[PDB]
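J.: There's a structure below that I have some questions on.
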Amino acid sequence: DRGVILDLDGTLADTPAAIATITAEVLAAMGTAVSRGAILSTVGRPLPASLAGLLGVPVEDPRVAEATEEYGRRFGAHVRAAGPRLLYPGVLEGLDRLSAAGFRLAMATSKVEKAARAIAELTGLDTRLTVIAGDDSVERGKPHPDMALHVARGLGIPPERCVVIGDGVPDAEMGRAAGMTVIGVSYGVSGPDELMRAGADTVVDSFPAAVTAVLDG
Ligand SMILES: [Mg+2]
């Protein structure tokens, strides 16, 4: 009777490299380019805000919508090409083990909700997850607690009995702010010290290790 709230990019789905590459493809389509470090700094964060920051324009600039739509096309094609291969090894099996032990599972992603659901459907996450929320599901996205509180409500589990698993500082900040335990993972966008400094209770180095941490309590 406990909840596990999982980030998508860099936690369940091995997408950081594809996100960086497709971001670059989209900027090239828009006739431009930015530093590698700038792109890397955005990986896994909300997409329109990230693209606006890389282009150096207001988020409401029409160039942002153009870039976001092009990104959606390219990323959607990538996800259809990958299917379940989009996920890190052990993810579906791990989620099944958590379900078997009586945990209710949710996704909380900085992707928009429609994209999150489509990815869940193409990878097989959909049959494991009770609730899916994205950046547009709530007024205040990561690092605010709201998304985690919203999915906890969806699960019917009080925040106190939920754990957040993610690879980003925003996930750790979201979980801590929501009054939840946080398991950071080091195989995504963040190193372990940064996650500990952001409030992770522990940091593990693989998804199966995160599952073991939850199962053993
Ligand atoms: Mg992430």
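Numbering starts fresh at 1 for the residues of each chain in the structure tokens, the chains themselves are lettered A, B, ... in the order given, and ligands are numbered from 1 as they appear.
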Among chain A, which ones does DSSP assign to helix (DSSP H, G or I) (computed from the backbone)? Answer as a ChimeraX atom specification.

T.: /A:16-29,36-42,47-55,62-86,91-100,113-123,125-127,146-155,159-161,169-177,192-197,207-216

J.: As a quick test: using only C-alpha atoms and all ligand atoms, which residues lie no more than 7 Å away from ligand 1? Give them as a ChimeraX atom specification.

T.: /A:7-11,44,166-168,188-189

J.: Any chance you can output those residues with N, CA, C and O atoms as a PDB file, in the first residue's frame?

T.:
```pdb
ATOM      1  N   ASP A   7      10.284   9.172 -12.724  1.00  0.00           N
ATOM      2  CA  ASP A   7      10.606  10.030 -13.836  1.00  0.00           C
ATOM      3  C   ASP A   7      10.751   9.162 -15.107  1.00  0.00           C
ATOM      4  O   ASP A   7      11.020   7.960 -15.028  1.00  0.00           O
ATOM      5  N   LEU A   8      10.569   9.781 -16.275  1.00  0.00           N
ATOM      6  CA  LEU A   8      10.700   9.078 -17.562  1.00  0.00           C
ATOM      7  C   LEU A   8      12.109   9.191 -18.124  1.00  0.00           C
ATOM      8  O   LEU A   8      12.867   8.211 -18.130  1.00  0.00           O
ATOM      9  N   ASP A   9      12.466  10.380 -18.611  1.00  0.00           N
ATOM     10  CA  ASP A   9      13.726  10.541 -19.351  1.00  0.00           C
ATOM     11  C   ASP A   9      14.926  10.394 -18.418  1.00  0.00           C
ATOM     12  O   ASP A   9      15.057  11.141 -17.449  1.00  0.00           O
ATOM     13  N   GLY A  10      15.799   9.435 -18.708  1.00  0.00           N
ATOM     14  CA  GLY A  10      16.992   9.243 -17.908  1.00  0.00           C
ATOM     15  C   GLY A  10      16.779   8.400 -16.667  1.00  0.00           C
ATOM     16  O   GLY A  10      17.713   8.215 -15.894  1.00  0.00           O
ATOM     17  N   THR A  11      15.560   7.859 -16.500  1.00  0.00           N
ATOM     18  CA  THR A  11      15.227   7.025 -15.349  1.00  0.00           C
ATOM     19  C   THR A  11      14.625   5.709 -15.848  1.00  0.00           C
ATOM     20  O   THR A  11      15.204   4.644 -15.659  1.00  0.00           O
ATOM     21  N   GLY A  44      16.054  16.592 -20.869  1.00  0.00           N
ATOM     22  CA  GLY A  44      15.074  16.073 -19.944  1.00  0.00           C
ATOM     23  C   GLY A  44      14.224  17.110 -19.260  1.00  0.00           C
ATOM     24  O   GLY A  44      13.280  16.762 -18.580  1.00  0.00           O
ATOM     25  N   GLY A 166      14.238   9.233  -9.657  1.00  0.00           N
ATOM     26  CA  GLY A 166      14.589  10.046 -10.813  1.00  0.00           C
ATOM     27  C   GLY A 166      16.068  10.347 -10.923  1.00  0.00           C
ATOM     28  O   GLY A 166      16.819  10.188  -9.966  1.00  0.00           O
ATOM     29  N   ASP A 167      16.453  10.858 -12.088  1.00  0.00           N
ATOM     30  CA  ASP A 167      17.850  11.143 -12.408  1.00  0.00           C
ATOM     31  C   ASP A 167      18.172  12.621 -12.361  1.00  0.00           C
ATOM     32  O   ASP A 167      19.340  12.995 -12.566  1.00  0.00           O
ATOM     33  N   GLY A 168      17.160  13.459 -12.110  1.00  0.00           N
ATOM     34  CA  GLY A 168      17.348  14.897 -12.165  1.00  0.00           C
ATOM     35  C   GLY A 168      17.228  15.621 -10.846  1.00  0.00           C
ATOM     36  O   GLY A 168      16.457  15.223  -9.969  1.00  0.00           O
ATOM     37  N   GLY A 188      21.562   8.662 -15.497  1.00  0.00           N
ATOM     38  CA  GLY A 188      20.927   9.658 -16.329  1.00  0.00           C
ATOM     39  C   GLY A 188      21.720  10.932 -16.421  1.00  0.00           C
ATOM     40  O   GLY A 188      22.936  10.892 -16.652  1.00  0.00           O
ATOM     41  N   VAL A 189      21.049  12.069 -16.246  1.00  0.00           N
ATOM     42  CA  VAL A 189      21.681  13.378 -16.488  1.00  0.00           C
ATOM     43  C   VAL A 189      22.508  13.906 -15.339  1.00  0.00           C
ATOM     44  O   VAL A 189      23.288  14.834 -15.561  1.00  0.00           O
TER      45      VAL A 189
END
```

J.: Report the distance between CA of residue 89 in chain A and CA of residue 175 in chain A in Å, rounded to one decimal place.

T.: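 Going from CA of residue 89 in chain A over to CA of residue 175 in chain A, I get 24.6 Å.
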
J.: Of the candidates A:76, A:46, A:62, A:84, which shows the shortest atom-to-atom distance to residue 112 in chain A, using only C-alpha atoms?

T.: A:46

J.: Residues near range 138-146 of chain A, anyone? I mean within 10 Å using only C-alpha atoms, not counting same-chain ones fewer than 2 positions away, as a PyMOL selection string.

T.: chain A and resi 45-46+108-110+113+133-136+148-152+168-180

J.: Given the choices A:101, A:79, A:211, A:95, which gets closest to residue 118 in chain A if the distance is worked out from only C-alpha atoms?

T.: A:79

J.: Measuring atom to atom with only C-alpha atoms, identify which of A:105, A:26, A:52, A:183 is nearest to residue 153 in chain A.

T.: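 Selected residue with least distance to residue 153 in chain A: A:105.
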
J.: With distances taken over only C-alpha atoms, which residue among A:195, A:4, A:18, A:164 lies nearest residue 102 in chain A?

T.: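 For residue 102 in chain A, the nearest of the candidates is A:4.
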
J.: List as an NGL selection string the protein and nucleic acid residues near residue 39 in chain A, meaning an atom at most 8 Å away when only C-alpha atoms are counted, but skip any in the same chain fewer than 6 places from it.

T.: :A and (20 or 23-24 or 54)

J.: Please return, as a list in words, all residues of range 34-196 of chain A that DSSP assigns to strand (DSSP E or B) on the basis of the backbone.

T.: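 Those in range 34-196 of chain A that DSSP calls strand (DSSP E or B) are residues 87, 103, 104, 105, 106, 107, 108, 131, 132, 133, 162, 163, 164, 165, 166, 181, 182, 183, 184 and 185 of chain A.
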